[PDB]
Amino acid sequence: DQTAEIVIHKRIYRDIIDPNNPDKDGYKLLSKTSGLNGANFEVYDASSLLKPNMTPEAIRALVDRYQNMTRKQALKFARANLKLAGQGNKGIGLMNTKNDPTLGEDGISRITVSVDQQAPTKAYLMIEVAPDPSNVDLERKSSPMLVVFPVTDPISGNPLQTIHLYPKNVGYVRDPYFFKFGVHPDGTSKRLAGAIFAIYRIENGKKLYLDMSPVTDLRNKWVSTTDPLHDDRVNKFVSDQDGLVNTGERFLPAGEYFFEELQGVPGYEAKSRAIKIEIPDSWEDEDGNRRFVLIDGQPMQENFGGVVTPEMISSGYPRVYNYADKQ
């Protein structure tokens, strides 16, 4: 008889459950192309979880019950008792997230399921399973999703023919910045404009530089370069009129990195100074205390979302001091 399409949009969000909503309170998407490929779902015919003439409240209670199970608990139930169903891209009831060339979007997986648009008699239980082997740090927080048809479109009054689901994956990133100051031999000092930095990390005893490639998943791309200053692949960060050297839209995950000065400010130019970035792997320690990014060992104030505020700019910290008086 009749079918509907369930479309999973698997994306990655940064922290600071309605699976049908692409907006998530307490979270924000990592980029416009932050879809997550390689995620896998099993989809079960869950019509036997329904009863005839059940109320909307009973359906919501059932949906909530399954959403509040862990994936492993829901799999224990579904694997034992239900059958795979729906035409997925990996098989009956089997979905893998891939790029959608039509929509131009990553993290997409579509499944066609038999539905009853006139009464709630068909339902599908969707549960994420292990991703394709290959982002170990990603928090895959999707829940068991019980999709009960029909889902009526309030605008149109029609049953929805496509259900869009936005299962939540959370990527941990932080946002380094610092201020470059210049110190005159007479003790005067100022914010420095025009310092050109790049970011590198160490891998196998060699430098890899943060490149200009679009972010995919939570991952930045890193390049070996012969000439980071003039290599267009290497992202440069320029100190502005407030002295601010800001990763800006760029973010970094946990680990150790370096801001490398590629062009010093005239008069404040000895191998190229490397300012250490130490990014802890969580916002908070065991006791809920903030864990700071360290810039050359200095704690760096930071807000969720990573935007450097006017108040942070006024503060001008952390600051790295460049001496005009060469000694």
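Position 1 is the first residue in the sequence shown; the rest follow in order.
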| item | value |
| --- | --- |
| Deposited residues omitted from coordinates between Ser134 and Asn135, as a class | 1 to 3 |
| Gap size, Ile17 back to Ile16 (deposited sequence, no coordinates) | 10 or more |
| Between 201 to 209 and 232 to 240 (mean CA B-factor, as deposited), the higher | 201 to 209 |
| Mean C-alpha temperature factor, higher of 166 to 174 and 215 to 223 | 215 to 223 |
| Highest recorded Cα temperature factor - choice among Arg291, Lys271, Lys276, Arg65 | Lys271 |
| From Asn81, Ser189, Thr102, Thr247, residue of greatest CA B-factor | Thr102 |
| B-factor third for the C-alpha atom of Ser142 within its chain | middle |
| B-factor third for the C-alpha atom of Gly316 within its chain | lowest |
| Third of the chain, ranked by Cα B-factor, where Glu256 sits | middle |
| Entry-reported Cα temperature factor of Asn37, expressed as the chain third it lands in | highest |
| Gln118 - which third its CA temperature factor falls in, relative to the rest of the chain | highest |
